[PDB]
Amino acid sequence: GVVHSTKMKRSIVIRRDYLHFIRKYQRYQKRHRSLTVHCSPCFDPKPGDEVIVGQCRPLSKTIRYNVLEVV
Amino acid sequence: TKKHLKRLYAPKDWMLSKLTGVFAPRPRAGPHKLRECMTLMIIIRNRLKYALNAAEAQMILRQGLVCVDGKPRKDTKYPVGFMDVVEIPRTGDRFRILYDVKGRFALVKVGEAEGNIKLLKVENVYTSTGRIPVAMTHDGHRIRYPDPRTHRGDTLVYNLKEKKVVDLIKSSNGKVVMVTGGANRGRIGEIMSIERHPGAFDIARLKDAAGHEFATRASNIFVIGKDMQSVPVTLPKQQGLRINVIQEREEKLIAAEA
Amino acid sequence: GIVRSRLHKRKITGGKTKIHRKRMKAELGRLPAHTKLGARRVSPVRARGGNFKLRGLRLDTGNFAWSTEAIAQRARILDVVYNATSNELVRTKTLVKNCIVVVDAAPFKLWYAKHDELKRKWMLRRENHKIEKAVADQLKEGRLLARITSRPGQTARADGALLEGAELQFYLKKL
RNA sequence: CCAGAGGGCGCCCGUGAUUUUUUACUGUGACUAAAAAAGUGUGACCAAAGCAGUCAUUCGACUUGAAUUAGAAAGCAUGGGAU
RNA sequence: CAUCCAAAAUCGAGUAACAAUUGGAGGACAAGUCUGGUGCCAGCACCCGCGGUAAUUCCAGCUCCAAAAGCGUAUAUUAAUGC
RNA sequence: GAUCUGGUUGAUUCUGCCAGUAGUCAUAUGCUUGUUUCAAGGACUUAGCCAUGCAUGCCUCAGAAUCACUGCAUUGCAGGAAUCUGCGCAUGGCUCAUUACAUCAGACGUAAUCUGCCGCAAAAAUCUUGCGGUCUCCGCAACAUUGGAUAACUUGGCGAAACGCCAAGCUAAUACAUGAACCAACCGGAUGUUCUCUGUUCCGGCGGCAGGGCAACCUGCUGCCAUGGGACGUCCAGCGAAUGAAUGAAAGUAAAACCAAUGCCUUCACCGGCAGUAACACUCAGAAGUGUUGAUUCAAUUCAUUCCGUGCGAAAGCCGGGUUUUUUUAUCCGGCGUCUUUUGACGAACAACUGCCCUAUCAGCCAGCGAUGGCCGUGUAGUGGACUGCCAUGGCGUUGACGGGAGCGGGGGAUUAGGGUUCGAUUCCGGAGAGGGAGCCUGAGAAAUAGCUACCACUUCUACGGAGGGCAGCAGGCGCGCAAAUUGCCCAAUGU
């Protein structure tokens with residue numbers, strides 16, 4: 001995913017984008033999701049940067065992932 | 001908690017009908033799982049035909065006349081998985097259950113020597129109080145473990161009256177394998193290359209006599225021996241070869257003449 | 001009926017969920033234990049494995065440990081001083097993990113004597129060692145600042161540690 | 001139990017890209033309960049069905065049989081280099 | 001259900017009364033220019049239509065046609081629909 | 001079997017609806033009926049209301065027998081009721097009312113957790129008993145002759161009724177409560193003003209005394225120690241649990257001298273050099289220098305403190321069989337049963353990568369009363385705004401939020417050249433519910449309703465003082481509606 005907004009304290013916000021297929025039409029379509037992930041103070045990635053993240057146990061109400069590696 | 005199993009939620013490998021009751025026996029927790037095994041009353045009745053109905057079965061079993069792994073088993077239901085040995089003195093039969101081509105359970109017949117021999121894989125290796133090493137398999141723990149210590153996924157040779165452990169065999173290239181699970185089981189092969197993918201399922205690549213090579217995962221692999229002359233145990237009439245659907249069909253026709 | 005779920009809460013979208021289910025014993029809170037100073041009382045309950053746990057009430061006695069000397073010895077919690085969760089807890093003299101409290105000091109003072117044939121050991125051990133001056137003044141006087149590191153509502157005991165340079169200065173400057 | 005010397009392979013770790021590259025797509029494989037559907041075999045007197053059963057003048061032989069396939073999107077491995 | 005009506009020894013179809021029905025016959029749509037009754041009345045008719053004294057459609061006889069141990073009627077839904 | 005026909009005009013060619021036509025486990029409603037195989041059946045409206053009866057109990061060779069009970073024998077043996085005890089009733093059955101980051105399917109995770117029965121495998125802790133004396137505490141022995149209660153039963157009874165109840169007297173255990181030395185091991189800690197190898201050993205230390213002594217110190221006197229090891233004695237040590245330290249391999253330069261040791265050569269020599277060389281004070285010359293994973297604050301190990309009922313017996317248990325010769329042995333052998341620890345699969349709980357009807361005449365939705373995140377805590381089996389306190393201002397949305405309407409989800413069914421449309425209450429799988437709501441106990445597992453408590457609605461019996469009920473289990477009623485079966489027989493089969 002990529003980065004959308006640097007707000008909050010240690011909690012960044014990811015956007016993703018990906019396609020979808022409807023069998024009847026035989027054409028594609030666009031959709032997004034979003035996720036609320038944790039960012040260590042070790043990194044400081046900027047909006048529009050790519051990132052790679054990882055699965056985790058619940059660290060907050062929404063937050064279920066944590067950053068591994070920035071690009 | 002569930003205490004009932006039904007005929008349409010039970011495996012195809014037991015070969016029970018849709019009809020003739022709506023219930024099947026649920027085997028207990030034991031040496032093996034619920035989704036692969038063959039329960040006792042299913043063996044006796046539906047295969048060997050020394051019981052015609054339920055009452056018959058328990059009228060054998062409960063008197064201690066049936067012994068898997070040298071221990072007599074009173075219970076009506078109790079699972080018996082891959083690589084066990086069933087010995088019923090009264091007949092003079094002995095079985096070593098196994099898989100066979102078409103993915104389906106099979107029954108070999110073995111003599112004296114191999115009625116005391118078994119094989120066991122290694123699932124995990126862990127450490128217990130006093131720095132005593134431990135292994136874990138399908139059937140059971142058992143303790144320490146040299147024959148010479150080593151490592152997971154490897155295969156032992158276990159004797160049942162007392163431990164005399166012949167050696168063991170490891171997971172390494174050029175060895176031999178029989179398979180479980182995966183809709184690829186009941187076959188036999190060599191071991192070419194093993195791919196390792198960290199954090200994820202580990203994929204193997206195999207071979208068999210006269211080519212027609214294939215692949216599976218690595219927790220569907222169970223070692224047998226170094227070579228196919230080096231095997232400790234006997235195998236069915238088929239040597240773990242699939243042959244084509246057309247070949248099979250044709251042959252069945254031609255020989256049906258009688 | 002105290003529950004732990006996200007069912008009673010709102011969505012992230014500011015909406016509101018509708019139930020179709022009652023509540024379970026799988027989700028289950030029980031009312032806080034407040035563990036004070038006084039003679040040992042215990043209030044045992046049972047959990048979902050058939051394993052008891054011990055809700056503590058009123059604990060005056062403790063067990064506390066140096067780091068760096070690698071020992072632990074007893075003592076008696078005297079007064080509560082600082083707590084960072086609330087000032088509520090201070091005034092009531094209740095005890096929670098990472099609370100800052102005061103101890104008897106005596107068993108530590110004792111033991112540090114020993115830090116015949118023994119007469120050689122008292123040189124060899126005292127060599128290659130110093131004790132902090134921060135720690136010193138306290139230890140002398142007969143009271144110390146220590147920190148409880150146990151959770152004393154679910155074990156019914158307090159255990160702790162003891163504060164050397166870094167931690168210690170961060171606490172003192174509050175007081 | 002032919003030694004010294006460089007070569008070569010199999011495991012393990014560490015350091016290195018002036019910016020290392022990727023997906024959609026498609027080929028071949030992995031993984032995935034029945035019932036139902038598709039389908040092979042079999043004269044239940046045909047049939048709708050069902051997994052049975054057929055021989056042998058004997059104290060059993062078929063090393064009996066119950067094949068095989070399909071299952072949107074997404075996930076997983078490994079090839080292709082056109083759009 | 002299956003078997004049999006003696007293995008010495010055990011019943012029974014002729015109007016084969018042991019006797020098929022439910023909707024139709026102007027067109028759509030397989031099948032009457034037949035004979036009585038009614039006369040814009042009574043009724044039929046999904047649609048187009050029929051009935052005012054020679055009614056191929058109504059009410060009944062006789063004959064013929066479709067399906068058959070089944071055949072009409074309403075309602076919903078799919079196909080007919082590239083509406 | 002990739003098809004059509006009738007109806008707008010005086011007649012014609014189009015556009016476009018209406019009507020015809022074939023299926024449908026898709027229901028109703030008339031007419032009609034001779035054999036046989038097979039099969040759904042009060043789901044639609046009312047998850048509305050229910051009379052009566054049944055629907056979950058269990059004993060073997062193997063936990064407790066003085067029925068005042070039965071047979072045989074005449075002081076014993078075999079049956080042995082309903083009672084204590086152990087296990088199960090949280091499964092199976094029945095129903096779709098609520099319900100769209102909800103459920104659910106495919107694919108993954110728990111290193112964030114619990115887990116009875118079942119499989120396999122372990123366990124070296126504890127001053128007890130008898131005898132004799134007595135001073136409380138000893139001497140002498142060794143296979144533990146443990147302890148206190150309570151039902152059925154009897155005696156008095158109470159009550160209109162009640163799956164309602166009371167006083168007294170009896171006796172059991174694999175119930176409940178105690179409690180086991182020597183036999184019986186390996187390994188480590190902390191120590192004595194213990195004595196004996198000894199200091200080879202002084203400069204300093206520890207002091208011990210007197211003079212001045214204000215015990216600051218100066219002086220004189222004096223003992224011991226300044227590398228150490230052998231014996232003897234004392235306190236502690238198990239499993240599991242809490243807290244704090246330590247361990248939980250390494251893998252990126254090359255030859256000499258320096259003193260402190262100290263090893264080996266070597267010598268009469270504790271003379272002065274490096275050839276040999278896993279470790280290391282004997283007894284043990286290899287009795288762990290080496291855990292798994294992609295990853296660990298994990299497994300396991302070592303040390304210091306602790307554990308008080310809320311943990312730990314060889315059931316202080318039961319049954320056989322061979323012996324023995326006295327029936328009748330510490331004679332041997334076997335089968336059961338149970339406490340504690342560890343980890344598999346039978347399960348449970350929690351998390352979410354991807355996907356699904358209609359509606360914009362629903363466009364802004366979320367923080368006083370947690371909305372998004374941060375910090376220390378609390379709670380729970382555990383993770384978490386799950387919750388408290390404190391601090392920030394975020395979160396989501398025209399790539400349809402929020403709100404409303406319809407609806408249990410899926411495997412699948414009907415129709416069909418193909419693309420599709422439509423249905424799925426209902427046999428299998430998952431979820432939820434038991435008149436409406438809430439709260440709770442027991443248990444490994446339940447917010448259980450043929451369990452409990454309270455309220456609301458409905459309702460039964462009564463001697464009016466009280467005591468009860470819950471068919472969306474199987475039959476059968478009542479009401480409702482266009483509409484749906486016997487108040488049967490049986491555990492033979494298939495299971496629990």
# chains A, B, ... in the order shown; residues from 1 in each chain; ligands from 1

$ select_by_dssp --residues "stretch 161-211 of chain B" --states "strand (DSSP E or B)" --output "ChimeraX atom specification"
/B:168-169,176-179,188-194,203-207

$ interface_residues --of "chain C" --to "chain A" --cutoff "12 Å" --atoms "only C-alpha atoms" --output "list in words"
residues 5, 6, 9, 10, 11, 12 and 13 of chain C

$ interface_residues --of "chain B" --to "chain D" --cutoff "8 Å" --atoms "only C-alpha atoms (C1' of nucleotides)" --output "PyMOL selection string"
chain B and resi 8-12+15+182+203+215-217+237+245+249

$ residues_around --residues "stretch 1-4 of chain C" --least-positions-apart "6" --cutoff "7 Å" --atoms "only C-alpha atoms (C1' of nucleotides)" --output "ChimeraX atom specification"
/C:27-30 /F:386

$ atom_distance --atom1 "atom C1' of residue F:374" --atom2 "atom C1' of residue F:388"
16.0 Å

$ residues_around --residues "residue E:80" --least-positions-apart "2" --cutoff "12 Å" --atoms "only C-alpha atoms (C1' of nucleotides)" --output "PDB file with C-alpha atoms (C1' of nucleotides), in the first residue's frame"
ATOM      1  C1'   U E  78     -38.705 -18.818 -15.869  1.00  0.00           C
ATOM      2  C1'   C E  83     -39.647  -5.609 -25.096  1.00  0.00           C
TER       3        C E  83
ATOM      4  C1'   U F   3     -37.683 -21.337 -34.204  1.00  0.00           C
ATOM      5  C1'   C F   4     -43.281 -18.393 -33.659  1.00  0.00           C
ATOM      6  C1'   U F   5     -48.689 -16.957 -34.367  1.00  0.00           C
ATOM      7  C1'   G F  20     -52.030 -17.210 -27.519  1.00  0.00           C
ATOM      8  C1'   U F  21     -47.830 -21.229 -26.440  1.00  0.00           C
ATOM      9  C1'   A F  22     -44.000 -24.841 -23.134  1.00  0.00           C
ATOM     10  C1'   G F  23     -41.839 -26.030 -18.132  1.00  0.00           C
ATOM     11  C1'   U F 415     -35.138 -22.562 -16.762  1.00  0.00           C
TER      12        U F 415
END

$ decode --residues "stretch 9-39 of chain A" --atoms "N, CA and C atoms" --output "short mmCIF file (atom, residue, chain, number, x, y, z; two decimals), in the first residue's frame"
data_model
loop_
_atom_site.label_atom_id
_atom_site.label_comp_id
_atom_site.auth_asym_id
_atom_site.auth_seq_id
_atom_site.Cartn_x
_atom_site.Cartn_y
_atom_site.Cartn_z
N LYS A 9 0.02 10.15 16.60
CA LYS A 9 1.29 9.91 17.22
C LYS A 9 1.48 8.45 17.00
N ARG A 10 2.42 8.11 16.08
CA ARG A 10 2.88 6.78 15.76
C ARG A 10 1.87 6.00 14.97
N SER A 11 0.78 6.63 14.48
CA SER A 11 -0.29 5.92 13.83
C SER A 11 -0.52 6.57 12.50
N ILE A 12 -0.14 5.88 11.41
CA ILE A 12 -0.20 6.42 10.07
C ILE A 12 -1.39 5.75 9.43
N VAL A 13 -1.71 6.07 8.15
CA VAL A 13 -2.95 5.67 7.53
C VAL A 13 -2.58 5.33 6.12
N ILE A 14 -2.99 4.12 5.70
CA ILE A 14 -2.59 3.48 4.48
C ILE A 14 -3.79 3.54 3.59
N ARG A 15 -3.56 3.65 2.26
CA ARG A 15 -4.58 3.52 1.26
C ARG A 15 -4.11 2.36 0.44
N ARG A 16 -5.05 1.62 -0.18
CA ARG A 16 -4.72 0.63 -1.17
C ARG A 16 -5.69 0.80 -2.29
N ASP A 17 -5.38 0.19 -3.45
CA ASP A 17 -6.11 0.39 -4.66
C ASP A 17 -5.92 -0.91 -5.37
N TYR A 18 -6.94 -1.35 -6.13
CA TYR A 18 -6.96 -2.67 -6.71
C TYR A 18 -8.25 -2.77 -7.47
N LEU A 19 -8.40 -3.85 -8.28
CA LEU A 19 -9.39 -3.90 -9.31
C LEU A 19 -10.37 -4.96 -8.90
N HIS A 20 -11.38 -5.21 -9.75
CA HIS A 20 -12.46 -6.09 -9.44
C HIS A 20 -13.02 -6.42 -10.78
N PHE A 21 -13.77 -7.54 -10.88
CA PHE A 21 -14.13 -8.12 -12.14
C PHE A 21 -15.54 -8.58 -11.94
N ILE A 22 -16.41 -8.28 -12.94
CA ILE A 22 -17.79 -8.65 -12.93
C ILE A 22 -17.93 -9.50 -14.16
N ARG A 23 -18.46 -10.74 -13.98
CA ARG A 23 -18.41 -11.79 -14.97
C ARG A 23 -19.32 -11.48 -16.14
N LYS A 24 -20.51 -10.89 -15.85
CA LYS A 24 -21.51 -10.54 -16.83
C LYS A 24 -21.02 -9.54 -17.84
N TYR A 25 -20.40 -8.43 -17.38
CA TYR A 25 -19.93 -7.37 -18.24
C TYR A 25 -18.65 -7.73 -18.92
N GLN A 26 -17.76 -8.45 -18.20
CA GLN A 26 -16.44 -8.88 -18.61
C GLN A 26 -15.52 -7.69 -18.65
N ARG A 27 -15.67 -6.78 -17.66
CA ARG A 27 -14.91 -5.56 -17.59
C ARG A 27 -14.54 -5.34 -16.16
N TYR A 28 -13.60 -4.40 -15.94
CA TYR A 28 -12.92 -4.19 -14.69
C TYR A 28 -13.43 -2.89 -14.13
N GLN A 29 -13.01 -2.59 -12.88
CA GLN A 29 -13.67 -1.66 -12.01
C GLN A 29 -12.62 -1.38 -10.98
N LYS A 30 -12.70 -0.25 -10.26
CA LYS A 30 -11.64 0.18 -9.37
C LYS A 30 -12.29 0.31 -8.04
N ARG A 31 -11.51 0.13 -6.96
CA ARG A 31 -12.00 0.13 -5.61
C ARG A 31 -10.82 0.49 -4.77
N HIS A 32 -11.07 1.01 -3.55
CA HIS A 32 -10.03 1.22 -2.58
C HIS A 32 -10.48 0.61 -1.30
N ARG A 33 -9.50 0.33 -0.42
CA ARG A 33 -9.71 0.13 0.99
C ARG A 33 -8.72 1.05 1.64
N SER A 34 -8.61 0.95 2.98
CA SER A 34 -7.78 1.80 3.78
C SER A 34 -7.61 1.03 5.05
N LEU A 35 -6.55 1.36 5.82
CA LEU A 35 -6.17 0.63 7.00
C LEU A 35 -5.44 1.64 7.83
N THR A 36 -5.32 1.34 9.14
CA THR A 36 -4.84 2.26 10.13
C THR A 36 -3.82 1.40 10.79
N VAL A 37 -2.53 1.78 10.66
CA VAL A 37 -1.44 0.88 10.94
C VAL A 37 -0.56 1.64 11.88
N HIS A 38 0.51 0.99 12.38
CA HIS A 38 1.35 1.55 13.40
C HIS A 38 2.60 1.85 12.64
N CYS A 39 3.32 2.90 13.05
CA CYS A 39 4.54 3.31 12.44
C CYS A 39 5.43 3.62 13.59
#
